[PDB]
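Below you'll find only one chain, the form deposited in one PDB entry, shown as structure tokens.
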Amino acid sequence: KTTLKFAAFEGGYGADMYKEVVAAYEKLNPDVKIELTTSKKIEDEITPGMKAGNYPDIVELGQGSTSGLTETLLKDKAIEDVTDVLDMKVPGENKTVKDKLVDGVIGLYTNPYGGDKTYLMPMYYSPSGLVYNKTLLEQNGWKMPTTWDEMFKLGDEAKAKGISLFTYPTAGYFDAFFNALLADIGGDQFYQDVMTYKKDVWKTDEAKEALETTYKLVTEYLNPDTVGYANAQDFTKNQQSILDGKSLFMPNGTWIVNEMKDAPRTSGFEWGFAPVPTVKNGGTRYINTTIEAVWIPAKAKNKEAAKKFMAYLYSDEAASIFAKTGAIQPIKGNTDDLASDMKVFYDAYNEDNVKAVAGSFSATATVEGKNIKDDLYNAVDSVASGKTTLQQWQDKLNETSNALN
């Protein structure tokens, strides 16, 4: 009887799970009719200056997406404060959302302006690191590196066999890669300092080491097809080079299994997963806990109905639907009895001297014509193409970060 408009990003876990969650919510609450739109081009729904009666009431779209829409609306103060959803009862259950969320998931990603106001409620719960064909490493006697010195020496051996060390799907996937590498090199406070624009942080030895390591990786050890395919249309072709045996490693998360399930692959292929290597031998390695986001536009017409549906995304019923393709909602218990195809990913948290990192950049400050994510992540394409030097990369980051500070 009351219509709610829900726009959801169609990513590697698939669109059908959202159709099924919506149907389950309507069975629980028959007086709600949800109009669901799923698409790889969500930005079509929410356009600048749109009329309030035409906005979606609720949107699933993480930070880091192709369009950058979530960050654009944060900059414009155009996303509703949904802190109150944390204290709402989950529909169909006798617990609140906060009762169910895993500890520590609320943080700089979900609370982008700092402080205790939540604007991006967390979706999924994917370790990110490096994926590879475990069988290919085994066939060659290659051990998974824990250091970049080992990685580069492995790249030297792999090239002799016609294999490039590294590819990436798009440059945006350096979000999780740098969260891990920065924490590896500098520690927890250093990572926080980068995300919050501490003065001169990109001129530290720690930050320079992160960039120098990544510069060498993408200028000496990159599959030559990577940059040309590193876009929303062709990213799966870069991923296909792992399945075809032409690249060894790429940064990714657990949606890669479902996303590539129908693709051809080399005989005996099996997914491997590891943390990003660190620099010092025996050093702590971090796994990034990658989440997407669900949120309510400030111009939404039906915010209260959207908040109740949002709370239902943390129900056991919803979690069971999402888990069929590997999408693991960030609620307690949801990694007990994991599907067998997820074991290789979540087992990485059990390696010795491995820790978790998570987050994104603070959205408190904005500067005209500057975007720190373009300067850190998107710049990798230019670096790999030989159009940005290592010094230019660092200098532009320090300039933008200091201006945001």
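Numbering starts at 1 and follows the sequence shown. Only residues modelled in both forms are compared. Heads up, when I say rigid core I mean the largest set of C-alphas that superpose within 1.5 Å between the two forms.
> Comparing 388 to 396 with 11 to 19, which stretch shows the greater average C-alpha B-factor in the deposited entry?
Replying inline: Comparing averages over the C-alpha atoms only gives 388 to 396.
Quick one: higher average CA temperature factor, 102 to 110 or 198 to 206?
The stretch with the larger average C-alpha B-factor is 198 to 206.
* Asked: Looking at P264, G228, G253, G186, which has the highest Cα B-factor in the entry?
  -> Of the options given, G186 has the highest CA B-factor in the PDB entry.
Per the entry's Cα B factor values, which of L36, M50, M342, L61 stands out as the maximum?
Comparing C-alpha B-factors across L36, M50, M342, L61, the maximum falls on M50.
Query raised in the report: C-alpha B factor of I79, ranked within the chain: lowest, middle or highest third?
Result: Its C-alpha B-factor belongs to the middle third of this chain's values.
* Asked: Looking at the C-alpha B-factor of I331, is it in the lowest, middle or highest third of its chain?
  -> Its C-alpha B-factor, which the entry lists for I331, ranks in the lowest third among residues of this chain.
Problem set entry | Modelled-residue ranking by C-alpha temperature factor, third containing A232 | For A232, the deposited C-alpha B-factor lands in the middle third.
Modelled-residue ranking by C-alpha temperature factor, third containing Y286
CA B-factor rank for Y286: middle third.
Margin query: Considering every modelled residue of the chain and its Cα B-factor in the PDB entry, is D87 in the lowest, middle or highest third?
Written below: It belongs to the middle third of the chain when residues are ordered by C-alpha B-factor.
There is also a form deposited in another entry; it is not shown, and the following applies to it.
Using the rigid core as the fixed frame, list which single one of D44, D374, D347, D341 shifts its Cα by at least 2 angstroms between the shown form and the other one. Of all the options, the C-alpha that shifts by at least 2 Å belongs to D44.
Against the rigid core, is the Cα displacement of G53 between the shown form and the other one at least 2 Å? Shift of 2 Å or more: yes.
Q) Which way does the C-alpha gap of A52 and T83 go in the other form, closer or farther, given it changes by 3 angstroms or more? A) Those two alpha carbons end up farther apart in the other form.
Work out whether the Cα atoms of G49 and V22 come closer together or move farther apart in the other form than they are in this form, the change being 3 angstroms or more.
Result: closer.
**Message:** So if I superpose on the core and keep residues found in both forms, which blocks of at least 3 in a row have all their CA atoms moved by 2 Å or more between the shown form and the other one?
**Reply:** That run whose C-alphas all shift by 2 Å or more is 44 to 53, the only one.
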